[PDB]
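Comments concern the structure below.
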Amino acid sequence: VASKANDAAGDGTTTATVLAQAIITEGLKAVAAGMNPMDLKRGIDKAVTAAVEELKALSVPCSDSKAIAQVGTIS
Amino acid sequence: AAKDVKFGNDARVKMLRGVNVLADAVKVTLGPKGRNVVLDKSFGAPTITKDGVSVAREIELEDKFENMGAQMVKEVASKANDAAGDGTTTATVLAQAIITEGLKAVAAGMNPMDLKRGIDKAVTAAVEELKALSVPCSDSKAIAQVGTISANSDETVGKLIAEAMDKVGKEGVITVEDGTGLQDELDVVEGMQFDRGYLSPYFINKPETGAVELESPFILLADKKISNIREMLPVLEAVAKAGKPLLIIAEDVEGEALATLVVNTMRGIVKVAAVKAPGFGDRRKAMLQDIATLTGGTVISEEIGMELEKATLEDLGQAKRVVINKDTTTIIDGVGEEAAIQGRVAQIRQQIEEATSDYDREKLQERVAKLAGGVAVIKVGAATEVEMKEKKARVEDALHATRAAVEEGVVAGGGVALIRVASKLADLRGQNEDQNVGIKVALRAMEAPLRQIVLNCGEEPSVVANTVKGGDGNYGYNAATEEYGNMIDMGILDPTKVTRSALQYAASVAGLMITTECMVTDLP
Amino acid sequence: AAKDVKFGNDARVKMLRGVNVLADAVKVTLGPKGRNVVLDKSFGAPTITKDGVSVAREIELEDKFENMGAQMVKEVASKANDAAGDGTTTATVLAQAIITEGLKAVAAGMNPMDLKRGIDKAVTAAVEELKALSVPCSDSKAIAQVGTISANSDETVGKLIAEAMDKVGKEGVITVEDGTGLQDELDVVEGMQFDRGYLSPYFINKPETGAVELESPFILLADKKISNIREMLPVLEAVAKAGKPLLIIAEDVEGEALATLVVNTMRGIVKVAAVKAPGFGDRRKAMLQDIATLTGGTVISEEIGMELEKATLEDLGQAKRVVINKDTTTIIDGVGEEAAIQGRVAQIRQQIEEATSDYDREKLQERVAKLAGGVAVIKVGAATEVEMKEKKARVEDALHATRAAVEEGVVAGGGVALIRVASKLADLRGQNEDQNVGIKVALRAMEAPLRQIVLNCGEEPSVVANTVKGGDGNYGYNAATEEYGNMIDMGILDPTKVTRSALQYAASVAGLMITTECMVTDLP
Ligand SMILES: Nc1ncnc2c1ncn2[C@@H]1O[C@H](COP(=O)(O)OP(=O)(O)O)[C@@H](O)[C@H]1O
Ligand SMILES: [Mg+2]
């Protein structure tokens, strides 16, 4: 995850890693509760396809020099 | 003594294994078709047994901790039996079922406090459901019914119990003695029982019952706390040369004279036993005087000046028998004059005229009850001595289940009742998703006994379980004959008390463990 | 005996682990929703408990050093309880909090002596803040209030305490006895209590209280130091054949006769106990004569010629009860004549006319007080014996918290008070940057109890902590019901004495450790 995140945008690799550790922790806990892992997956994926649409909706264009300097700086 | 302390997970894992060894050894004996456990015995040949209570008693593990696990379940499952008359194994079997699944849950990273809540709810709910499934046992017909079944199809055992209850009441005290002829006998006789047990296990002279049986002994009725053995020497030397046992009823008996009387009996000259007096404070005064009257004995009150050093046989009470156990003393046939016992009744009955409180009226009534009410004795008749003390044993078994059947009724016996109540509350929810798991753990635990009976029989559990669940009420599987039917009709029943007690007691120790964070014990 | 010596860091690391095992085992039980600790017991089934005092008592480690750590915290937390009535656990939990964080600091290379200064300031300041947060408890209404809450919503317990204090004063001696009926009783009776404890723990006959309870014993009032057991043989043989206990009050009792009386009771014939006389020098003369008068006994002064070999029962005093603990003796109902006790009062009252010093006047007054002031006894009534000695226990609990509430008032009980005082002094500075760390270590240690209560309940600590901080005064979280509110209104309160004591005591041992450079012990 950490690696692909990087080939993709060259940033957010830590975030990615943090999310994965988190999906895994929680998911495995639910597998121990006796849930069906293939469904836990389908749920996770549905949740995500939805999240991505949500993000594309929150996204506002970054086009002025100030905004660009801001992403640069934060990075 | 330096201790070994274990925390959280370690603590609980040790506990789990401890309990598993207990349960795995004890559970294989559950059905009507249990497997054998071989129990070594220092001298001579080993013991082959299918009796869970016997197996349990032997379980003690090397790993302290692991041991503590096992000993904990043992303790509580024995209490189940203490209060119900059975279930020791069932309780253990269920105890494992919750502990296993709950304990996995905590270890997976769910909340212990919630898991307990869920289990506890699931139990509360099932206990209710049990009351609903429960078929009453109230009339003489029903009494004799559960008696006969509980005594293994023997219709005459059912009869004798029904008759005893028919004579002294469902509450009245019924005891069992060895029979003198081939004929059964039922006699009612002046006597009494009170909720007070032996002061030392070393008083037990019938190891198989965990009980003290004393043959027509003298009874000492002191009123002080017997601490010194000195007060005894006159009375303990008269009842020595009289070649008879001696029962002591007083405030208490402190080590100084207790530990002496203990070693004095367990391989020693005068064989005796002592128990605390019934009641406390202002009650015990008259409550002890009642037993005096009943046994024609004299009460040695310090508040009058008399001491135990100033006492002879003429002061001691007398009764043709007396049995003590863990927590009950019952005296049988008191030599106290009829003119006296009926006289005391007249005194107390009058005293009820006071009616200053519904507590005082009811408390004086309980006293009239014990005294004039009497004790019903069953003498078990048989052809041979082997048959005799065997039939005698089943009569005691049946009496147990019947007293229990009266109180809370009976239900499907094969595990069935538990399987049933569980499939009923299969929507049950909590608030935490963690409490759900709690409820489910508990629910699925309730299938354990049936699944185990079936397994022991060499049949498929899942298959029998599923079809028992498919039904309703007391429809079940009779592992003995492999037919489905109405378990009660088929004569496979447990008193409600016992199935409940088993469950509640299993649940208690499981919750306790699921919430244990620390464990302290001695160094290996 | 060759020793093993550890220095500086080694020494402290060992100490830390020692304390951590103590605290980690004891702390899991803190809340109204504690977890269980399983405590093995040689024979029989283990003990499951949520009682930190019980857990602590068992903790002793193999690694000496590590053990010394644990034992040190144990000592000091028990003193907290000694002086306040509670907090044993809380003290431990806070003790860890400081020790952990302070001890990291020292190891990081900061100055121990400053770290102590900072902690000690933070504490001094918080103790003040506590006095400010404190709500008084003075009138009968307030007494009964904290009583009832401290006795678990039982309004009748609050009443009886309020009534007792209403009879013999907020100072007056109040004891608790087993009840004879169903009714509570409150009687005032001639007696006395003085700050002097048993000479040997082996005198304890009630292991659960760590106390000596003797039933209407004779009282020996010697005036010399009892060293030889020879002086005893006449009196110790009369009180043997009298079948009664015996209390000894004299200068002291030296091993020669102490160690003999010790083994003479712990599994032996005459069961007795002895304590030192109250006061020293010229005071003890009359101070002992007071007890004589009160018990109608004779004082055996060597300065008169009488010896203990020249003493019979007629010389011994008498009282219907007497309880001794670690450091208190209180005698209940002395048989001394009214004409005598009132006579002695008249003698002493007159003697106050002297008024040569505000020390002599006040000292003769304390004597009049004990003698004519009397002792108020509560008899706890109940329906069953189990209920009885249970209710009796909560009455003693409540009495404890009430005596403490009177002295220093009450505050928010959920850890809350501590969390509060901490968020108040959150600017506090020292001079060393090292002293700051000291203050901060201490401040943040004050959140430990709340954080822990919350944790034991399975809720988030940080979140509950933050919102308790967000409020004012006695706003807090009630872990039992999970509602925020006014802790005092909601009936969750600690006497101010106990919260303070706990804090101060934890702070003492923490600083002691942070300033420890060497540790000497025996070789493994
Ligand atoms: N001032 C700040 N306060 C809160 N979040 C910040 C701040 N500055 C940067 N971040 C966030 O921290 C995240 C960290 O980026 P970084 O540490 O490089 O993780 P990654 O490798 O996943 O990019 C970014 O997602 C950004 O949103
Ligand atoms: Mg980044």
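A note on labels: chains of the structure tokens are A, B, ... as shown, every chain counts residues from 1, and ligands are counted from 1 in their shown order.
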
* To do: Please write out the residues within 6 Å of ligand 1 as a ChimeraX atom specification, counting only C-alpha atoms and all ligand atoms.
  => /A:11-15,74-75

* To do: Mind the document's chain letters and residue numbers, and return as a PyMOL selection string the residues of range 253-371 of chain B that DSSP labels alpha helix (DSSP H).
  => chain B and resi 255-265+282-295+338-351+358-371

* Check: which chain C residues lie within 10 Å of chain B using only C-alpha atoms, as a ChimeraX atom specification -> /C:21-22,24-29,33-42,44-50,55,58-64,67,178-182,240-241,243-244,265-271,383-385,388,456-459

Selection file, C-alpha atoms, as a PDB file, in the first residue's frame:
```
ATOM      1  CA  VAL C  21       3.458  -5.098  40.048  1.00  0.00           C
ATOM      2  CA  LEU C  22       1.805  -3.854  43.272  1.00  0.00           C
ATOM      3  CA  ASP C  24      -0.980  -3.085  38.320  1.00  0.00           C
ATOM      4  CA  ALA C  25      -2.519  -5.853  40.446  1.00  0.00           C
ATOM      5  CA  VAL C  26      -4.220  -3.560  42.890  1.00  0.00           C
ATOM      6  CA  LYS C  27      -5.449  -0.771  40.563  1.00  0.00           C
ATOM      7  CA  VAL C  28      -7.685  -2.863  38.298  1.00  0.00           C
ATOM      8  CA  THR C  29     -10.201  -2.946  41.133  1.00  0.00           C
ATOM      9  CA  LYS C  33     -16.888  -1.322  38.175  1.00  0.00           C
ATOM     10  CA  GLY C  34     -13.589  -2.923  39.054  1.00  0.00           C
ATOM     11  CA  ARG C  35     -12.247  -6.095  37.512  1.00  0.00           C
ATOM     12  CA  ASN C  36     -11.491  -9.227  39.549  1.00  0.00           C
ATOM     13  CA  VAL C  37      -8.247 -10.449  40.922  1.00  0.00           C
ATOM     14  CA  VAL C  38      -7.997 -14.154  41.714  1.00  0.00           C
ATOM     15  CA  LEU C  39      -6.074 -14.833  44.911  1.00  0.00           C
ATOM     16  CA  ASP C  40      -4.971 -18.441  45.450  1.00  0.00           C
ATOM     17  CA  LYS C  41      -5.497 -19.996  48.853  1.00  0.00           C
ATOM     18  CA  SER C  42      -3.433 -23.090  49.910  1.00  0.00           C
ATOM     19  CA  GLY C  44      -9.621 -25.245  48.791  1.00  0.00           C
ATOM     20  CA  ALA C  45     -10.874 -23.083  45.946  1.00  0.00           C
ATOM     21  CA  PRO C  46      -9.277 -19.710  45.111  1.00  0.00           C
ATOM     22  CA  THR C  47     -10.634 -16.305  46.130  1.00  0.00           C
ATOM     23  CA  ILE C  48     -12.167 -13.965  43.595  1.00  0.00           C
ATOM     24  CA  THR C  49     -12.097 -10.374  44.784  1.00  0.00           C
ATOM     25  CA  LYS C  50     -12.479  -6.797  43.673  1.00  0.00           C
ATOM     26  CA  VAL C  55      -5.064  -7.849  46.681  1.00  0.00           C
ATOM     27  CA  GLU C  58      -1.013 -10.714  49.145  1.00  0.00           C
ATOM     28  CA  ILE C  59       1.589  -8.925  47.065  1.00  0.00           C
ATOM     29  CA  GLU C  60       5.182  -9.938  47.834  1.00  0.00           C
ATOM     30  CA  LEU C  61       7.794 -10.470  45.154  1.00  0.00           C
ATOM     31  CA  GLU C  62      10.724 -12.885  44.701  1.00  0.00           C
ATOM     32  CA  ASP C  63      13.278 -10.328  43.672  1.00  0.00           C
ATOM     33  CA  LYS C  64      14.113  -8.655  46.939  1.00  0.00           C
ATOM     34  CA  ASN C  67       9.864  -6.572  46.665  1.00  0.00           C
ATOM     35  CA  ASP C 178     -23.813  -7.731  66.859  1.00  0.00           C
ATOM     36  CA  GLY C 179     -27.570  -7.264  67.247  1.00  0.00           C
ATOM     37  CA  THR C 180     -29.739  -9.511  69.391  1.00  0.00           C
ATOM     38  CA  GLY C 181     -33.037  -8.991  67.564  1.00  0.00           C
ATOM     39  CA  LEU C 182     -34.328  -7.559  64.301  1.00  0.00           C
ATOM     40  CA  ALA C 240      -8.559 -20.095  83.453  1.00  0.00           C
ATOM     41  CA  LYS C 241     -10.978 -21.945  85.745  1.00  0.00           C
ATOM     42  CA  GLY C 243     -13.495 -19.823  81.713  1.00  0.00           C
ATOM     43  CA  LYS C 244     -13.072 -16.188  80.694  1.00  0.00           C
ATOM     44  CA  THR C 265      -3.300 -18.152  73.083  1.00  0.00           C
ATOM     45  CA  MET C 266      -2.580 -18.999  69.433  1.00  0.00           C
ATOM     46  CA  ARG C 267      -3.805 -22.597  69.780  1.00  0.00           C
ATOM     47  CA  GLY C 268      -3.527 -22.875  73.574  1.00  0.00           C
ATOM     48  CA  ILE C 269      -5.496 -23.031  76.852  1.00  0.00           C
ATOM     49  CA  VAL C 270      -6.219 -19.497  78.227  1.00  0.00           C
ATOM     50  CA  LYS C 271      -7.017 -17.038  75.408  1.00  0.00           C
ATOM     51  CA  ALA C 383     -33.470 -10.584  59.779  1.00  0.00           C
ATOM     52  CA  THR C 384     -30.820 -13.215  58.938  1.00  0.00           C
ATOM     53  CA  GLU C 385     -27.310 -13.773  60.313  1.00  0.00           C
ATOM     54  CA  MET C 388     -26.682  -9.021  60.102  1.00  0.00           C
ATOM     55  CA  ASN C 456     -11.948  -0.374  34.612  1.00  0.00           C
ATOM     56  CA  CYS C 457     -15.480   0.445  33.421  1.00  0.00           C
ATOM     57  CA  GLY C 458     -14.343  -0.112  29.823  1.00  0.00           C
ATOM     58  CA  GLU C 459     -14.910   3.517  28.828  1.00  0.00           C
TER      59      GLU C 459
END
```

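Interatomic distance, CA of residue 478 in chain B to CA of residue 490 in chain B: 7.8 Å.
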
* To do: Return the neighbours of chain B among the residues of chain A, cut-off 12 Å, counting only C-alpha atoms, as an MDAnalysis selection string.
  => chainID A and resid 25:35

Selection to disk with C-alpha atoms, as a PDB file, in the first residue's frame:
```pdb
ATOM      1  CA  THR A  25      -6.976  -4.380  12.724  1.00  0.00           C
ATOM      2  CA  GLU A  26     -10.690  -3.797  12.784  1.00  0.00           C
ATOM      3  CA  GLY A  27     -11.516  -6.311  10.046  1.00  0.00           C
ATOM      4  CA  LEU A  28      -9.621  -9.158  11.724  1.00  0.00           C
ATOM      5  CA  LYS A  29     -11.430  -8.367  14.948  1.00  0.00           C
ATOM      6  CA  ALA A  30     -14.665  -8.878  13.088  1.00  0.00           C
ATOM      7  CA  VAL A  31     -13.401 -12.130  11.577  1.00  0.00           C
ATOM      8  CA  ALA A  32     -12.822 -13.301  15.150  1.00  0.00           C
ATOM      9  CA  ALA A  33     -16.423 -12.305  15.926  1.00  0.00           C
ATOM     10  CA  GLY A  34     -17.422 -14.979  13.397  1.00  0.00           C
ATOM     11  CA  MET A  35     -18.280 -12.849  10.396  1.00  0.00           C
TER      12      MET A  35
END
```

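Taking the backbone of this structure through DSSP, the residues of range 349-435 of chain B that come out as strand (DSSP E) are residues 375, 376, 377, 378, 379, 380, 410, 411 and 412 of chain B.
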
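Here CA of residue 294 in chain B is placed at a distance of 27.6 Å from CA of residue 386 in chain C.
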
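The space separating CA of residue 205 in chain C from CA of residue 323 in chain C comes to 10.3 Å.
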
* **For residue 425 in chain B: contacts at 8 Å, only C-alpha atoms, fewer than 3 positions along chain excluded, given as a ChimeraX atom specification** => /B:122,125-126,421-422,428

Just-selected residues, C-alpha atoms written as a PDB file, in the first residue's frame:
```pdb
ATOM      1  CA  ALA B 122     -29.058 -14.081  27.793  1.00  0.00           C
ATOM      2  CA  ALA B 125     -33.934 -14.317  29.713  1.00  0.00           C
ATOM      3  CA  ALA B 126     -33.461 -18.004  29.391  1.00  0.00           C
ATOM      4  CA  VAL B 421     -34.865 -21.807  25.565  1.00  0.00           C
ATOM      5  CA  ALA B 422     -31.895 -20.743  23.437  1.00  0.00           C
ATOM      6  CA  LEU B 428     -32.001 -11.030  21.695  1.00  0.00           C
TER       7      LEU B 428
END
```

* Using only C-alpha atoms, determine which residues lie at most 10 Å from residue 262 in chain B, disregarding the query and same-chain residues fewer than 6 positions distant; provide the list as an MDAnalysis selection string. => chainID B and resid 199:203 255 268 271:274
